[PDB]
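The structure under discussion appears below in the form of structure tokens.
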Amino acid sequence: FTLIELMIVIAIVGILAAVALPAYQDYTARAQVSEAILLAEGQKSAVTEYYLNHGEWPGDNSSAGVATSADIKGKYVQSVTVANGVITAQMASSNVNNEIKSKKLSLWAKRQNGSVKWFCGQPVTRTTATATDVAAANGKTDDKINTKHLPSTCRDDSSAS
Amino acid sequence: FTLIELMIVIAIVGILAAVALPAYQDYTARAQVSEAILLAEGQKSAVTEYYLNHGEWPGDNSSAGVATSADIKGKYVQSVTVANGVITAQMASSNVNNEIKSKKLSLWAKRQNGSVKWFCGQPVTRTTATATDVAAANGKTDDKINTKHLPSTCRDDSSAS
Amino acid sequence: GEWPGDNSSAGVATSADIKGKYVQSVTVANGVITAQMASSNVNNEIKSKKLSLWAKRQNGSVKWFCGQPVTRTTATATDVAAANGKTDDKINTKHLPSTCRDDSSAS
Amino acid sequence: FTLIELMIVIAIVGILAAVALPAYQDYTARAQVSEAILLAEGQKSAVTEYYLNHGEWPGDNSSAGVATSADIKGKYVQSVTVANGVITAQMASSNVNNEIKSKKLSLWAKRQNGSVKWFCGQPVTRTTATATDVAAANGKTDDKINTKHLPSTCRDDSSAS
Numbered sequence: 001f002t003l004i005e006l007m008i009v010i011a012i013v014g015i016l017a018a019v020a021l022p023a024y025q026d027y028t029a030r031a032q033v034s035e036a037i038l039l040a041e042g043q044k045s046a047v048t049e050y051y052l053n054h055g056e057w058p059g060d061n062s063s064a065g066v067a068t069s070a071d072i073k074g075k076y077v078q079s080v081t082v083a084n085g086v087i088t089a090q091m092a093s094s095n096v097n098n099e100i101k102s103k104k105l106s107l108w109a110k111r112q113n114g115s116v117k118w119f120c121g122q123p124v125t126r127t128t129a130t131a132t133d134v135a136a137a138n139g140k141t142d143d144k145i146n147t148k149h150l151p152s153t154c155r156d157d158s159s160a161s
Numbered sequence: 001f002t003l004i005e006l007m008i009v010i011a012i013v014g015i016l017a018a019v020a021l022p023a024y025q026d027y028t029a030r031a032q033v034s035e036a037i038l039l040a041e042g043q044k045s046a047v048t049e050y051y052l053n054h055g056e057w058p059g060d061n062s063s064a065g066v067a068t069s070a071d072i073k074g075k076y077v078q079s080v081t082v083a084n085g086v087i088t089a090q091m092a093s094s095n096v097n098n099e100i101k102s103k104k105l106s107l108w109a110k111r112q113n114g115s116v117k118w119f120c121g122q123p124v125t126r127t128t129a130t131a132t133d134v135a136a137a138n139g140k141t142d143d144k145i146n147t148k149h150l151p152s153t154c155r156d157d158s159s160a161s
Numbered sequence: 055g056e057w058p059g060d061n062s063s064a065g066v067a068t069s070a071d072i073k074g075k076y077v078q079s080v081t082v083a084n085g086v087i088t089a090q091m092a093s094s095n096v097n098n099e100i101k102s103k104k105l106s107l108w109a110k111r112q113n114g115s116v117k118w119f120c121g122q123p124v125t126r127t128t129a130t131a132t133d134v135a136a137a138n139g140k141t142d143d144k145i146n147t148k149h150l151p152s153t154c155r156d157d158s159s160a161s
Numbered sequence: 001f002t003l004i005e006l007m008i009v010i011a012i013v014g015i016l017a018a019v020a021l022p023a024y025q026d027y028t029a030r031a032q033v034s035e036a037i038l039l040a041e042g043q044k045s046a047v048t049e050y051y052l053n054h055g056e057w058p059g060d061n062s063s064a065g066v067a068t069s070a071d072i073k074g075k076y077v078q079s080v081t082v083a084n085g086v087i088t089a090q091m092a093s094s095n096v097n098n099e100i101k102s103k104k105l106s107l108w109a110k111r112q113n114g115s116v117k118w119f120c121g122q123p124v125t126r127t128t129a130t131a132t133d134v135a136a137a138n139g140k141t142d143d144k145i146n147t148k149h150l151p152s153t154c155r156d157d158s159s160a161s
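As given, the protein sequences belong to chains C, B, E and A, one line each in that order.
Residue numbers for the first sequence follow the deposited numbering, so the first one is 1 and each next one is one higher.
Residue numbers for the second sequence follow the deposited numbering, so the first one is 1 and each next one is one higher.
Residue numbers for the third sequence follow the deposited numbering, so the first one is 55 and each next one is one higher.
Residue numbers for the fourth sequence follow the deposited numbering, so the first one is 1 and each next one is one higher.
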């Protein structure tokens, strides 16, 4: 009945190759998400510049005069969009974490002691291109990204100022 | 007693998920610190200009006529200050490396073959707005930042000339 | 262009700095870094043992080496010296895995 | 023999912390180099002015009447020199990329449809202060800087006209 001991070793192996893997489709997502974060970053400039020139954020890419929603893109990026200076990009719809598939988070800068502070966080939009305060246009959170599937920092709401 | 071998694999896992992570609260700090570095940089201009116009550094932001201590700020920046042309900003007091929480380092330019050379390094202050030589006003090193928690370069003392 | 003679040359966590389980020292030697086994709850054998970490400059930048406690001739240099500590801290290549079997000579 | 799998993970870590870092002593150099580029720029004016006034470049700083070789300097700059209007500065001899340690590249403007075009590139010198064409005085390329360790643009030879 070392066989048991064997079948034990079998048994413990039996229930050892199942459900012993947390959150990795969760984890890949973050980077897979974060890949999307990497792109619209540059848009912030003319967005600022537009705000810099004018004092008002650009209502969008085109207000800024820059690459629109369906513009600048690639892997994990099926849109890149500005909203009254609030910039946003979307996850791809495949080869992703099945979860984060096609998700976004906005990028909104509200004026500081310094110039302004952006925010890597939830899909939101600025009340006006003129304003700095932005609105949590949540898109029923689909594009919104799990703060879990987000890293610790990039967990911002429109409220972020 | 493959169970041992198992419990070994357990055991080696046992003492594998503890203390195997150096210095990352240390590392984040650097950037979290370095974020603070990013801001007072612009102040150097009028500071120079003040020194440029006058031949004397500005005793501070206000001597220069520029954004004071509690002026220009944001994340990881709970002050930004000039001291006889020596400029300094402080770490935030939260969401930081618990270590570097609320820390500074000065920025002091002393006149060159060229114009002058600044220094990213420890909270210090210039002897006079007129001078270039600066004093290692150390604030008991709290605001002073760990050269470890600093990157290799930004390791300057008032002595830096 | 020179390695740090140690943690402090680098300005970083010294020998008795960064540590925990199975780590009773962590030390740099002219850019050659080393840590020691604990002195208990270990393999009674490997109890209190080390192996250095030395990078010598490449076609690429440089290549480190997980292997025996050694030290770099100079902080300036890349070549490192097999400061062997009478092999106590040195670790059995058997009690080491196949890869982490490097001597100062490793370049 | 998950131990193997372990020692594998060890092994792959074994040969993972060695030689997996290209060209960064190469990269720092560029900026460390480029720092040196930043300085002699202003010399171009009186150099031009000398050429502007006269029609001839200044044989040097002193011909122009400006800050000589061992003049204007600082970090990564252990000389700044003009050569018949061709200006040049040298890398420091420490705290640098051990490679680029003490290296130069000239700065030579040759007359255009417009006025003239300078060139950020290899240590060279102008045939005459009167001329525009410059000579690839190469100093056995030590001061000359690796086009790799240079950025893409600043890759000019005396021939650059």
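We put the beta carbon where it would ideally sit given N, CA and C, even for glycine.
My output table needs one value for residue i: the three-state DSSP class, helix, strand or coil.
i	result
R30/C	helix
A89/A	strand
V82/B	strand
residue 221/E	Outside the displayed span of chain E (55 to 161) sits residue 221/E, for which this structure offers no information.
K140/A	helix
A160/C	coil
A40/B	helix
Run down chain A in chain order and give the residues with a C-beta less than 9 Å from the C-beta of residue i.
i	result
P58/E	Ordered by position in chain A, no residue passes the 9 Å Cβ test against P58/E, which lies about 12 Å from the chain.
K117/B	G74, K75
Check the Cβ of residue i against every Cβ in chain C and list those closer than 8 Å, keeping chain order.
i	result
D71/B	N113
For a contact meaning CB atoms closer than 8 Å, what does residue i contact in chain A?
i	result
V9/B	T2, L3, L6
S161/E	In chain order: nothing, as chain A lies at least about 10 Å away.
Along chain A, in chain order, which residues have C-beta atoms closer than 7 Å to that of residue i?
i	result
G55/E	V96, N97, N98, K101
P151/E	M7, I10, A11, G14
Against residue i, what residues of chain E qualify as contacts under a CB-to-CB distance less than 7 Å, listed in chain order?
i	result
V13/B	Within chain E, no residue comes near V13/B; the closest Cβ sits about 12 Å away, beyond 7 Å.
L21/A	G114, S115, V116
List, in chain order, every chain E residue whose beta-carbon is nearer than 9 Å to that of residue i.
i	result
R155/B	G65
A18/B	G74, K75
Which residue marks the beginning of the beta strand (DSSP E) containing residue i, and which one marks its end?
i	result
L105/A	104 to 107
Name the chain E residues that come within less than 8 Å of residue i, Cβ to Cβ?
i	result
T147/B	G65
Can you tell me where the alpha helix (DSSP H) with residue i in it begins and where it stops?
i	result
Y76/B	It is not in any alpha helix (DSSP H) - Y76/B carries neither H nor E in the DSSP assignment.
residue 162/C	What is shown of chain C runs 1 to 161, which leaves residue 162/C out entirely.
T48/A	44 to 54
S62/E	61 to 64
(request) Mind checking the segment 25 to 40 of chain B against chain C and listing, in chain order, the residues whose C-beta falls within less than 7 Å of any C-beta there? (result) Within the segment 25 to 40 of chain B, the residues whose Cβ lies closer than 7 Å to some Cβ of chain C are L39, listed in chain order.
(message) Under 8 Å, with one C-beta from each stretch per pair, do the segment 117 to 127 of chain B and the segment 142 to 161 of chain B reach the 3-pair mark?
(response) The segment 117 to 127 of chain B vs the segment 142 to 161 of chain B: in contact.
(request) Kindly confirm or deny that the segment 128 to 136 of chain E and the segment 105 to 116 of chain E touch, where touching means at least three C-beta pairs closer than 8 Å. (result) Judged by Cβ distances under 8 Å, the segment 128 to 136 of chain E makes contact with the segment 105 to 116 of chain E, as three or more pairs qualify.
(message) Measuring CB atoms only, is the segment 32 to 39 of chain B touching the segment 65 to 85 of chain B, in the sense that at least three cross pairs come out at less than 8 Å?
(response) Yes, the segment 32 to 39 of chain B is in contact with the segment 65 to 85 of chain B.
(message) Under 8 Å: do the segment 46 to 57 of chain A and the segment 90 to 106 of chain A share three or more Cβ pairs, one atom per stretch?
(response) Note that the segment 46 to 57 of chain A does not touch the segment 90 to 106 of chain A; fewer than 3 beta-carbon pairs, one per stretch, sit closer than 8 Å.
(message) So, does the segment 63 to 71 of chain E touch the segment 51 to 61 of chain B, judging by three or more C-beta pairs under 8 Å?
(response) The segment 63 to 71 of chain E makes no contact with the segment 51 to 61 of chain B; the number of CB pairs closer than 8 Å stays below 3.
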